[PDB]
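Next comes just one chain, in structure tokens: the form deposited in one PDB entry.
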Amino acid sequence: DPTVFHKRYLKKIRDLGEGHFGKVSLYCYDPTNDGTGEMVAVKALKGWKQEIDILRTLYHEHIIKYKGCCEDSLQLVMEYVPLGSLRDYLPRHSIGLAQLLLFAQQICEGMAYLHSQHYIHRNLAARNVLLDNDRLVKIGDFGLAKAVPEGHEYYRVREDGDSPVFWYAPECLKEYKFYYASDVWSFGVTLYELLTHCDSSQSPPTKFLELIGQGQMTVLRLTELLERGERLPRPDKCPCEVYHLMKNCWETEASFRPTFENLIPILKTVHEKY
């Protein structure tokens, strides 16, 4: 059985990031001592194992590949995505706009599948969308991902620690209810990030805080500003056609947002424009 990795052949290289509930690091796995073995990403895990059992059930060219784990409180071993998050990639190479859209499209394709499998990612951001060799997109960090019980469209989570609250839809901040349609929202927020090339002095949190005037009175107020109808600016050089698409993902009422199913053909249509 290949999905069992032996702690005795994982020599580490460097840390990679902080994931949700786990630190992540690059490892070289050589169980045959042939002198090269294989390259993998390992997430040191702290119901805290849920990332594992979800990712294990998913097979898709835009979701990060589950390779197996590691035991002695345990450790997720994933396919290695060489180029890291777009959050770091974008602000450091200039990219075409058509290219920015083709990435958006790909995240929809993965997300559509995720949802078709009855999961919510709960964490979709430029941070957590990784690039491989051919510039193919892979959705990562399933730290917050959740099973949606069959029969229902949402799922209630009372947060313990940090939440990407600036990527979340009202229903989530307001009521702690996450629908499939909440991932669509976040996808909208991501799409903005893409088109701001993740410039940090353009990021969602810096923008939303300007709109107000920090503190723990923020989430109440941010709910109130999203609820009054205010949104992120139209990124510079971002076309109307696109900014509308985002705005649609940002419908206040979840039942009004488009689905990932629908987003796919619409994005192919628009990527084709340029």
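Basically, rigid core = biggest C-alpha set you can superpose within 1.5 Å across the two forms. In case it trips you up, residue 1 is the first one in the sequence shown, and so on.
The following text describes the form deposited in another entry, which does not appear among the structures shown.
Engineer: Given a core-based superposition, decide whether the C-alpha of residue 199 shifts by 2 Å or more between the shown form and the other one.
Structural biologist: Shift of 2 Å or more: no.
Engineer: At a 2 Å cut-off on C-alpha positions, does residue 159 qualify as shifted between the shown form and the other one after fitting the rigid core?
Structural biologist: Yes, residue 159 moves 2 Å or more.
Engineer: With the core lined up, does the C-alpha of residue 258 move 2 Å or more between the shown form and the other one?
Structural biologist: No.
Engineer: Looking in the other form, are the Cα atoms of residue 88 and residue 18 closer together or farther apart than here, the change being 3 Å or more?
Structural biologist: It is closer: the C-alpha separation of residue 88 and residue 18 falls by at least 3 Å in the other form.
Engineer: Looking in the other form, are the Cα atoms of residue 86 and residue 20 closer together or farther apart than here, the change being 3 Å or more?
Structural biologist: Closer is correct, given that in the other form the C-alpha spacing of residue 86 to residue 20 is reduced by at least 3 Å.
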